[PDB]
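Chemist:
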Amino acid sequence: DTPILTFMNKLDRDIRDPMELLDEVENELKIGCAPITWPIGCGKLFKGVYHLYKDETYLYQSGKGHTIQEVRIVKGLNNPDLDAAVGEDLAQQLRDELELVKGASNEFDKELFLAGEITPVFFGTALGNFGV
Amino acid sequence: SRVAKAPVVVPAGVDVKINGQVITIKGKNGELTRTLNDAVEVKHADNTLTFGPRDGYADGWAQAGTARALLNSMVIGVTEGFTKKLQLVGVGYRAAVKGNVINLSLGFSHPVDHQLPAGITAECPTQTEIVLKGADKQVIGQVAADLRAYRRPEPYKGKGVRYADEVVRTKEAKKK
Amino acid sequence: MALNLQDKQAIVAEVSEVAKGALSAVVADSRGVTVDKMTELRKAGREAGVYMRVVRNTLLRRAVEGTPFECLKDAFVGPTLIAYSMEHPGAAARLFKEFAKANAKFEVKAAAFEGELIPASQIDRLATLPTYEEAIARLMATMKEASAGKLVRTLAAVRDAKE
Amino acid sequence: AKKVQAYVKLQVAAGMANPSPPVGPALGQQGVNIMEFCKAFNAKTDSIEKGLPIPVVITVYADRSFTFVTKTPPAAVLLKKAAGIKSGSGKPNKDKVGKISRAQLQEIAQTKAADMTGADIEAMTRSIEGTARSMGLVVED
Amino acid sequence: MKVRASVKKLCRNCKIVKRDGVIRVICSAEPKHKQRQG
RNA sequence: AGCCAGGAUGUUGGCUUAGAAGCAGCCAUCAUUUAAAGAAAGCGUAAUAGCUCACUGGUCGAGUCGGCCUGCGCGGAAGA
Ligand SMILES: [Mg+2]
Ligand SMILES: [Mg+2]
Ligand SMILES: [Mg+2]
Ligand SMILES: [Mg+2]
Ligand SMILES: [Mg+2]
Ligand SMILES: [Mg+2]
Ligand SMILES: [Mg+2]
Ligand SMILES: [Mg+2]
Ligand SMILES: [Mg+2]
Ligand SMILES: [Mg+2]
Ligand SMILES: [Mg+2]
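The listed protein sequences correspond, in order, to chains AW, BG, BH, BI and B8. So the first sequence is residues 134 to 265, counted in the authors' numbering. So the second sequence is residues 1 to 176, counted in the authors' numbering. So the third sequence is residues 1 to 163, counted in the authors' numbering. So the fourth sequence is residues 1 to 141, counted in the authors' numbering. So the fifth sequence is residues 1 to 38, counted in the authors' numbering.
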């Protein structure tokens with residue numbers, strides 16, 4: 134009955150739909166998904182992750198994987214600086230996906246996590262040292 | 001011959017302004033449009049346009065049929081307008097439009113920003129579809145070509161800018 | 001194929017299927033599948049057989065110039081695409097319904113069933129013929145006369161009269 | 001009837017149902033369970049007799065297992081138990097090997113009453129006629 | 001493409017056109033059938 | 001010529017067949033379902049394949065097809 138944290142590695146790479154990634158984790162691993170962060174773009178378009186519970190956006194910088202990059206936050210989820218820093222196009226897809234996410238996922242519950250029934254899912258990149 | 005010997009029927013609405021060897025058609029939409037001809041003689045009259053050769057020209061007919069078709073597509077040009085549509089394929093692609101200049105992301109180290117020409121506009125109903133209407137058939141066809149060009153469809157996975165009328169062969173890599 | 005000779009042939013035969021014919025159905029067939037043949041020929045296994053044909057001969061110029069076997073009002077019955085259905089043996093009944101319930105399942109358009117020969121005229125699918133050898137519809141038709149039409153009105157007050 | 005959705009046919013004989021070496025992970029890999037291919041089969045297989053080849057549709061949706069509507073066997077294998085040789089062709093038309101007649105193969109064409117494209121009970125005769133000539137069998141009609 | 005001195009259509013989807021002063025084969029199915037100098 | 005349709009069933013044919021259910025294979029190519037449909041054209045399959053071709057119907061509505069005898073041209077054709 135050991136608890137599981139989930140880390141979605143390799144956001145530097147062109148990946149699958151993180152929605153679909155949640156299905157594969159719930160369906161095939163028989164365990165609930167509770168997103169904590171959410172990727173904004175992937176591959177050449179990875180811009181960072183929006184934290185769902187802190188409501189802010191940590192901005193990914195390319196190739197600082199050897200040390201820890203400068204923590205660069207954009208506060209609001211509708212902050213027009215998220216549009217400026219990420220492009221308003223990608224910024225809306227963040228907003229859209231987040232809508233769908235809330236209707237098909239889970240709030241992180243500490244009790245169910247310790248019971249091994251939901252996993253806190255973090256999206257990141259261990260190579261870029263971002264999300265760790 | 002044939003296509004040439006066919007009618008053209010100027011739909012009630014188009015101006016049809018035949019000034020010697022210069023035909024200008026305007027209607028509903030479309031900034032007019034006015035091309036030229038040569039060995040073909042065109043004749044208005046009634047509710048149509050007739051196209052025929054012209055003694056002394058062996059180009060005749062052939063030049064006349066292309067006249068027809070052209071002129072033909074010019075009517076319809078300002079009438080119904082003209083089609084388009086391209087879809088992007090492959091993770092991390094997607095297009096924008098933000099005025100009359102389309103912004104493209106295609107896995108280079110830079111966006112592309114292609115700027116639409118005169119009488120032709122386009123929208124991105126989806127991150128991954130460009131639909132561009134216009135009057136000048138000869139021009140949409142171009143801007144399509146020109147766009148698709150930034151990243152023609154590779155024949156292994158299919159990534160790149162397709163039309164929809166696409167066919168994408170796609171084949172397997174050499175055995176091991 | 002062949003020329004003028006092959007022409008006449010298909011007709012005289014196809015049109016003798018209208019002269020010596022028990023029945024006649026004209027069905028336009030846009031999007032005609034082979035399942036199509038797999039049907040009127042399946043409904044031929046244990047309910048019909050070779051007593052029926054349906055040669056798509058909207059050759060018109062053929063099937064039509066070749067109805068001097070007397071098939072008037074069929075110039076009107078020569079529009080667009082059609083698949084002539086002609087009967088030789090057996091009753092004229094069942095064959096009609098087959099298409100009636102085929103095309104209504106989608107199975108290609110039915111040309112709104114433009115109607116055909118035997119009575120000789122236009123369009124309006126009726127059900128005269130198929131009600132035969134089911135004369136139990138004349139058993140139920142008598143409506144017991146004195147009794148069934150009785151226990152329905154002479155005896156319907158009580159179950160609906162104590163208001 | 002519709003068209004395509006899921007169906008195949010790869011067996012050897014009803015004598016040994018749901019084999020492993022002959023087919024195995026090849027008898028079905030799309031929605032068919034390799035072990036569940038010995039329940040709905042023998043429910044009617046062992047119900048009549050085993051021996052003759054029996055292919056069948058594989059109607060598969062997404063509801064766990066699968067449903068196969070069986071029908072008739074190959075009229076070509078009916079020459080190893082009800083005609084002659086254990087084989088078939090081998091040496092086709094280089095010598096008059098086997099020979100059947102009009103008499104035989106009659107009740108063999110009669111069994112397939114729901115599997116014959118010929119309402120004419122007589123026309124559906126020359127159909128299996130070839131099914132006993134695809135190895136070099138003369139006919140003594 | 002092939003620059004043979006004899007071009008020849010090979011497949012059934014192979015066309016044969018003259019663009020500029022030069023005969024070419026244009027095959028829609030197979031690109032190995034693409035040809036110039038004919 | 002386009003464009004609209006269709007292209008099955010005995011028959012998953014048996015077969016030197018590991019497995020072969022039209023197409024590396026063998027030999028066979030016969031008979032039905034019908035307007036046409038080949039155990040046969042193509043892509044290419046773990047094997048089914050999925051999707052498309054000869055051949056027939058529909059639309060359109062006047063020509064269209066390939067050899068022959070001849071005149072004149074094109075490619076083939078790189079050098080200090
Ligand atoms: Mg990859
Ligand atoms: Mg004809
Ligand atoms: Mg050039
Ligand atoms: Mg034609
Ligand atoms: Mg076709
Ligand atoms: Mg096989
Ligand atoms: Mg074989
Ligand atoms: Mg094969
Ligand atoms: Mg015929
Ligand atoms: Mg043809
Ligand atoms: Mg010469």
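Ideal placement from N, C-alpha and C gives every residue a C-beta, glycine not left out.
Which chain BH residues are close to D120 (chain BI), counting only those with a beta carbon under 9 Å from its beta carbon?
Modeler: Along the fourth sequence, read from residue 1 onward, the residue named residue 120 (chain BI) stands at position 120. Those are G49 and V50, listed as they occur along chain BH.
Chemist: Any beta carbon from chain BG within less than 8 Å of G176 (chain AW)'s own beta carbon?
Modeler: Translated into the one-based positions of the first sequence, residue 176 (chain AW) becomes position 43. Chain BG contact via Cβ: present.
Chemist: Grab me the residues of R31 (chain BH)'s own chain with a C-beta within less than 6 Å of its C-beta, minus the 5 sequence neighbours each way, in chain order.
Modeler: In the third sequence, counting from the first residue as 1, residue 31 (chain BH) sits at position 31. Same-chain partners within the cutoff: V108.
Chemist: Would you call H114 (chain BG) buried or exposed, if buried means 16 or more other Cβ atoms sit within 10 Å of its Cβ?
Modeler: Here residue 114 (chain BG) corresponds to residue number 114 of the second sequence, with the count starting at 1. Buried, because 16 or more other Cβ atoms sit within 10 Å of the Cβ of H114 (chain BG).
Chemist: Is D147 (chain AW) near ligand 1 - that is, is its Cβ less than 7 Å away from at least one heavy atom of it?
Modeler: One-based indexing of the first sequence puts residue 147 (chain AW) at position 14. Yes, the Cβ of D147 (chain AW) comes within 7 Å of a heavy atom of ligand 1.
Chemist: Beta-carbon separation of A22 (chain BH) and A92 (chain BH) under 8 Å?
Modeler: As a working mapping, residue 22 (chain BH) is identified with position 22 in the third sequence. As a working mapping, residue 92 (chain BH) is identified with position 92 in the third sequence. Yes, the pair counts as a contact, with Cβ atoms nearer than the cut-off.
Chemist: Is it buried or exposed for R151 (chain BG), if we count other Cβ within 10 angstroms and need 16 for buried?
Modeler: Locating residue 151 (chain BG) in the second sequence gives position 151, counting from the first residue. Classification for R151 (chain BG): buried.
Chemist: Would you say the beta carbon of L126 (chain BH) is closer than 7 Å to some non-hydrogen atom of ligand 2?
Modeler: On the third sequence, position 126 is the one that residue 126 (chain BH) refers to. Checking the Cβ of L126 (chain BH) against ligand 2 gives no.
Chemist: In terms of alpha-carbon separation, which member of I54 (chain BI), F68 (chain BI), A119 (chain BI) and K3 (chain BI) lies closest to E40 (chain BH)?
Modeler: For the purposes of this step, residue 40 (chain BH) is taken as residue 40 along the third sequence, with counting starting at 1. Answer by Cα proximity: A119 (chain BI).
Chemist: Is the beta carbon of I25 (chain BG) less than 8 Å from the beta carbon of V14 (chain BG)?
Modeler: Here residue 25 (chain BG) refers to the residue found at position 25 of the second sequence. Here residue 14 (chain BG) refers to the residue found at position 14 of the second sequence. Cβ atoms of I25 (chain BG) and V14 (chain BG): closer than 8 Å.
Chemist: Taking 8 Å as the cut-off, decide whether the C-beta atoms of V207 (chain AW) and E221 (chain AW) are in contact.
Modeler: For the purposes of this step, residue 207 (chain AW) is taken as the residue at position 74 of the first sequence. For the purposes of this step, residue 221 (chain AW) is taken as the residue at position 88 of the first sequence. No.
Chemist: To the nearest angstrom, report how far apart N47 (chain BG) and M74 (chain BG) are at their CA atoms.
Modeler: Within the second sequence, numbered from 1, the residue matching residue 47 (chain BG) stands at position 47. Within the second sequence, numbered from 1, the residue matching residue 74 (chain BG) stands at position 74. So the alpha carbons of these two residues sit roughly 15 Å apart.
Chemist: With respect to the beta strand (DSSP E) encompassing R151 (chain BG), which residues constitute its N-terminal and C-terminal limits?
Modeler: Residue numbering aside, residue 151 (chain BG) sits at position 151 when the second sequence is read from its first letter. Segment: none, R151 (chain BG) is in no beta strand (DSSP E) and carries neither H nor E.
Chemist: When Cβ atoms are compared, which residues of the region 73 to 90 of chain BH fall closer than 8 Å to chain BI?
Modeler: Within the region 73 to 90 of chain BH, no residue has a Cβ that lies closer than 8 Å to any Cβ of chain BI.
Chemist: Within the continuous alpha helix (DSSP H) that includes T66 (chain BG), where are the two ends?
Modeler: Locating residue 66 (chain BG) in the second sequence gives position 66, where the first residue counts as 1. Looking at the DSSP string, the run of the alpha helix (DSSP H) that includes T66 (chain BG) is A62 to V78.
Chemist: Okay, do the region 96 to 111 of chain BG and the region 52 to 68 of chain BG touch, 3+ Cβ pairs below 8 Å being the bar?
Modeler: In short, these stretches do not touch, since the Cβ pair count stays below three.
Chemist: Just to confirm, is the Cβ distance from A167 (chain AW) to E244 (chain AW) under 8 Å?
Modeler: Taking the first residue of the first sequence as 1, we reach residue 167 (chain AW) at position 34. Taking the first residue of the first sequence as 1, we reach residue 244 (chain AW) at position 111. It is not a contact, given that the beta carbons lie outside the stated cut-off.
Chemist: Which value, in whole angstroms, describes the spacing of the CA atoms of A4 (chain BG) and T66 (chain BG)?
Modeler: On the second sequence, position 4 is the one that residue 4 (chain BG) refers to. On the second sequence, position 66 is the one that residue 66 (chain BG) refers to. Straight-line Cα distance between these residues: approximately 7 Å.
Chemist: By alpha-carbon positions, which one of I137 (chain AW), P136 (chain AW), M141 (chain AW) and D134 (chain AW) ends up nearest to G261 (chain AW)?
Modeler: Sequence index remark: in the first sequence, residue 261 (chain AW) carries index 128 (1-based). Of the candidates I137 (chain AW), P136 (chain AW), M141 (chain AW) and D134 (chain AW), the one whose C-alpha sits nearest the C-alpha of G261 (chain AW) is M141 (chain AW).
Chemist: Taking any Cβ of chain BG, which residues in the region 213 to 228 of chain AW have a Cβ under 8 Å from it, in chain order?
Modeler: The residues in question are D222 and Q226.
Chemist: So the alpha helix (DSSP H) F99 (chain BH) belongs to, where does it begin and stop?
Modeler: As a position in the third sequence, residue 99 (chain BH) is number 99, starting the count at 1. First-last of the alpha helix (DSSP H) with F99 (chain BH): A93 to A102.
Chemist: From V57 (chain BI) to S89 (chain BI), what does the alpha carbon distance come to, in whole angstroms?
Modeler: On the fourth sequence, position 57 is the one that residue 57 (chain BI) refers to. On the fourth sequence, position 89 is the one that residue 89 (chain BI) refers to. Each residue's Cα considered, the two are about 27 Å apart.
Chemist: When we look at the beta-carbon of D74 (chain BH) and count the other beta-carbons within 10 Å, is it buried (16 or more) or exposed?
Modeler: In the third sequence, the residue the question calls residue 74 (chain BH) occupies position 74. The residue in question, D74 (chain BH), is buried, as its Cβ has 16 or more Cβ neighbours within 10 Å.
Chemist: In angstroms with no decimal places, state the Cα-to-Cα distance between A217 (chain AW) and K180 (chain AW).
Modeler: Position 84 of the first sequence, counting from 1, holds the residue named residue 217 (chain AW). Position 47 of the first sequence, counting from 1, holds the residue named residue 180 (chain AW). Cα to Cα, the separation comes out at about 12 Å.
Chemist: Kindly list, in the order they appear in chain BG, the residues whose Cβ is closer than 9 Å to that of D147 (chain AW).
Modeler: As a first step, residue 147 (chain AW) is located in the first sequence; it is residue number 14 there, counting from the start. Those within 9 Å of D147 (chain AW) in chain BG are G90, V91, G92 and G107.
Chemist: Measuring straight from C-alpha to C-alpha, what distance separates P253 (chain AW) and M152 (chain AW)?
Modeler: The residue you call residue 253 (chain AW) lines up with position 120 of the first sequence. The residue you call residue 152 (chain AW) lines up with position 19 of the first sequence. Going from the Cα of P253 (chain AW) to the Cα of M152 (chain AW) covers about 15 Å.
Chemist: What residues in the region 9 to 33 of chain BH bring their beta carbon closer than 7 Å to a beta carbon of chain BI?
Modeler: Per Cβ criterion, the list is empty.
Chemist: Let me confirm a value: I121 (chain BI) is counted as buried when at least 16 other C-beta atoms fall within 10 Å, else exposed. Which label applies?
Modeler: Here residue 121 (chain BI) refers to the residue found at position 121 of the fourth sequence. By the neighbour-count rule (16 or more Cβ atoms within 10 Å), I121 (chain BI) is not buried but exposed.
Chemist: How would you label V77 (chain BH), buried or exposed, when you count the other beta carbons within 10 angstroms and need 16 or more for buried?
Modeler: Taking the third sequence and counting its residues from 1, the one referred to as residue 77 (chain BH) is at position 77. Buried.
Chemist: At a cut-off of 7 Å, would you count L59 (chain BH) as near ligand 2, judging by its Cβ distance to the nearest heavy atom?
Modeler: By one-based count along the third sequence, residue 59 (chain BH) stands at place 59. The answer is yes for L59 (chain BH).
Chemist: Tell me, please, whether the CB atom of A122 (chain BG) is closer than 8 Å to any CB atom in chain AW?
Modeler: Start at 1 with the first residue of the second sequence, and residue 122 (chain BG) comes out as number 122. Cβ-Cβ to chain AW under 8 Å: no for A122 (chain BG).
Chemist: Of all the alpha helix (DSSP H) runs that stay within the bounds of the region 60 to 85 of chain BH, which reach a length of 4 or more residues?
Modeler: Counting whole runs of 4 or more residues, the region 60 to 85 of chain BH contains no alpha helix (DSSP H) stretch at all.
Chemist: Comparing the C-beta of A96 (chain BG) with each C-beta of chain AW, is any distance below 8 Å?
Modeler: Taking the second sequence and counting its residues from 1, the one referred to as residue 96 (chain BG) is at position 96. True, the Cβ-Cβ gap to chain AW drops below 8 Å.
Chemist: Would you mind reading off the limits of the beta strand (DSSP E) that contains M38 (chain BH)?
Modeler: In the third sequence, counting from the first residue as 1, residue 38 (chain BH) sits at position 38. Where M38 (chain BH) is concerned, there is no enclosing beta strand (DSSP E), although the alpha helix (DSSP H) it sits in stretches over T34 to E40.
Chemist: Roughly how many whole angstroms lie between the Cα atoms of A10 (chain BH) and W61 (chain BG)?
Modeler: Reading the third sequence from its first residue, position 10 is the one you call residue 10 (chain BH). Reading the second sequence from its first residue, position 61 is the one you call residue 61 (chain BG). Rounded to whole angstroms, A10 (chain BH) to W61 (chain BG) spans 42 Å at the Cα level.
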